[PDB]
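Next comes just one chain, in structure tokens: the form deposited in one PDB entry.
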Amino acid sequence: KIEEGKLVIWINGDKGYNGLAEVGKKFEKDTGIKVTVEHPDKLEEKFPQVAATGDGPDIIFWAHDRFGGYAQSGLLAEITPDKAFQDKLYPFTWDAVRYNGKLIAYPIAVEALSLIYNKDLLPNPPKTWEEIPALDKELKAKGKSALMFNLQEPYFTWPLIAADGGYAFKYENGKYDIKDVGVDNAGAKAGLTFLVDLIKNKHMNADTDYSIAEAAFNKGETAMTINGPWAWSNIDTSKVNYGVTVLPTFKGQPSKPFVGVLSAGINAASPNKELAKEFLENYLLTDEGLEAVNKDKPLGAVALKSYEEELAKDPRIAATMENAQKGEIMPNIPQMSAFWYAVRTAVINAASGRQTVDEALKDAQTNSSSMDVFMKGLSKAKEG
């Protein structure tokens, strides 16, 4: 039930959908093709539901990590950029959208979490996670707090969990060993334990989510938050005097944020595979195109080589690059979808105390690599 002759695009609500719509406007002014941008909830869970029935958007935007599962279920069209166009993007970014030997999406920008901080509340950001409790105690006396960030998504907690030796899937001999999962080793337990103690000692609250943390930071209630380039625009609007810097170290080790590549995939069932290709290659992935989106919500280190000068005027991107170098590229393998759900459940359970750290992380490793998982993987590859 995908209408032919018009483009429909899904992109997350935290990203610059309005700017992207503006790119859709010029496309229409040129082609007469109506471009419709939407930002549904749980769109990364929606898409495979609807695409497995031949429905959905023409173009889906998401970080590269989930496109492997999609491709595995044949939900994504293979993209066909000529050598000329490939030479316009950094090879690393193409690599991120390569699954089972095929390009499964157009890469847009490299994303990584950074430490964002209020300079008026905190002229010098803390170098270590360890000093944060004491820092919060001081700010509490001023009716402020040290740190608020989204605790409902493992994406935001991962930098701390991976710091002392946490890892998702081991990478050996040019492949991800889908049975060597590092979410239950000593490093992970240490990172998550520090997070839980922060909550035990009332320096953070288990129920803090994206909206709550963002409001608190943008209204000057808390000295720090943890977020990506997309978040900067709302801070610009808040007039809070903020800096963007390297994440704090844990046990002397750098925080390790997952590196994501925002990517645009083409629905396998789309009747407009050719229109999608011209929009993405000729309209979006251009200086003017990316700028329009970046002006709405900053993209990060974009895939387009030619944007480098423009990005060089932005110290925030420097901080993004520094945190990216210290992090690990997200795998795009199909078992990623179950990894996330597993870690999500663990972080939330440890945080709320429903489970201990040892317990939560055991179940996390069990639910991300096991015979049960592989088996469901075999049926998921057949349906989704």
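Whichever C-alpha set is largest while still superposing within 1.5 Å between the two forms counts as the rigid core. Note that residue numbering follows the sequence shown and begins at 1. Residues that one form lacks are left out of the comparison.
Absent from the display: the form deposited in another entry. The rest refers to it.
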Query raised in the report: Among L147, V181, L160, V261, whose C-alpha is off by 2 Å or more between this form and the one not shown on a rigid-core fit?
Result: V261
Report task. Once you account for a change of 3 Å or more, let me know if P40 and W158 sit closer or farther in the other form, using their C-alpha atoms. Result -> farther
Query - in the other form, shift in Cα separation for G166 relative to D95, 3 Å or more - result: closer
Report task. Taking the rigid core as fixed, pick out the runs of 3 or more consecutive residues whose CA atoms all shift by at least 2 Å between this form and the one not shown, and give them in sequence order. Result -> 1-110, 172-174, 261-315
